[PDB]
Structure formats: C-alpha cells, structure tokens
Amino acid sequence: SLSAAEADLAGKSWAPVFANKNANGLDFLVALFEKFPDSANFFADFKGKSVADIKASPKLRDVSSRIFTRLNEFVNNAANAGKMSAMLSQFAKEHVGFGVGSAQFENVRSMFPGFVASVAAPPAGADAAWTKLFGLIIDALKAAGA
C-alpha cells in the first residue's frame, strides 16, 4: 500500500478528475487508446475499431465508468494494505482472465500522471503516489501470471 500521506496526495489529485466522472472517464480511455493503440484490441467491444469509432460507440460510457468507479475505490483504500490485498487480488484475477497483463498496466502508469495534469495541476508528490499505486497493480498482475 501507500502511506496515509501518499494516499492523501493521490486522492487530492483525483478529486478534480472524478468530479466529472462521465466526461473524464471517457477521455481517459480515449487518451490511452491514442497513446497505446494495441490496448484497444483487448476489449471485445473495441477490437478492430479506430479511436473515432470508439468515441462514437454507445458502449464507451459503460467501459469508462466501470473503470473510474473501480479506480475511485482503489484511491479510497490505498493506504489500507488489508483492503488493497483483496482488491489487487480480485482485480488481477479478473484481468488476466481476459488476456490483459502487467505490460498494459505499465502503459497506463506511463500516461496517467499526464492525464490528471490535463485536468488540474496535481499537488507535489501526487505523481509519485500514482506511480506507486499503479506499481502495486502491475505487481499483482505479474503474480496472477501475466
């Protein structure tokens, strides 16, 4: 987990992002797909489609909301090693099953701090907090076997 300090920093930068869950959520997905085109292929719903097709998809919202909803929960429990344990476990378990491995999470981690700053300048130490958080997730994935 994250320390109570680091978790607070993450939550602080996330608030402005989550404030507009629908819009920001859809934008995070689009930003990912734009920077890491291979990622789209993992989604049954978006395999083959272009970012334009995806933006116009009536399914986008369902996908980006389920991601932001889950993410919020991760931010909310980040400083609790206990909740993180089960959360990471279940998350990893679900994703590996769909063919997603840590490499796809290394990508998310890469672009995430940039995505948040596009909504509002994070406090100092917030970016390190996120990379740590995503580091926890990448580890879980490798343990799950991907």
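By rigid core we mean the largest C-alpha set that fits within 1.5 Å across both forms. Throughout, we count residues from 1 along the sequence that is shown.
- In 4 other deposited structures of this protein, superposed on the rigid core, the segment with the larger root-mean-square CA displacement between 41-49 and 59-67 is 41-49.
- Once the C-alpha B-factors are averaged per stretch, 24-32 and 95-103 rank with 95-103 first.
- As listed in the deposited structure, the average C-alpha B-factor of 119-127 and of 12-20 is greater for 119-127.
- Ranking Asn80, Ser65, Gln90, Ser110 by the C-alpha B-factor listed in the PDB entry places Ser110 at the top.
- Annotation for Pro58: CA B-factor lies in the middle third of the chain's modelled residues.
- For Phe46, the recorded CA temperature factor ranks within the middle third of the chain's modelled residues.
- In the deposited entry, the Cα temperature factor of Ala5 places it in the middle third of its chain's modelled residues.
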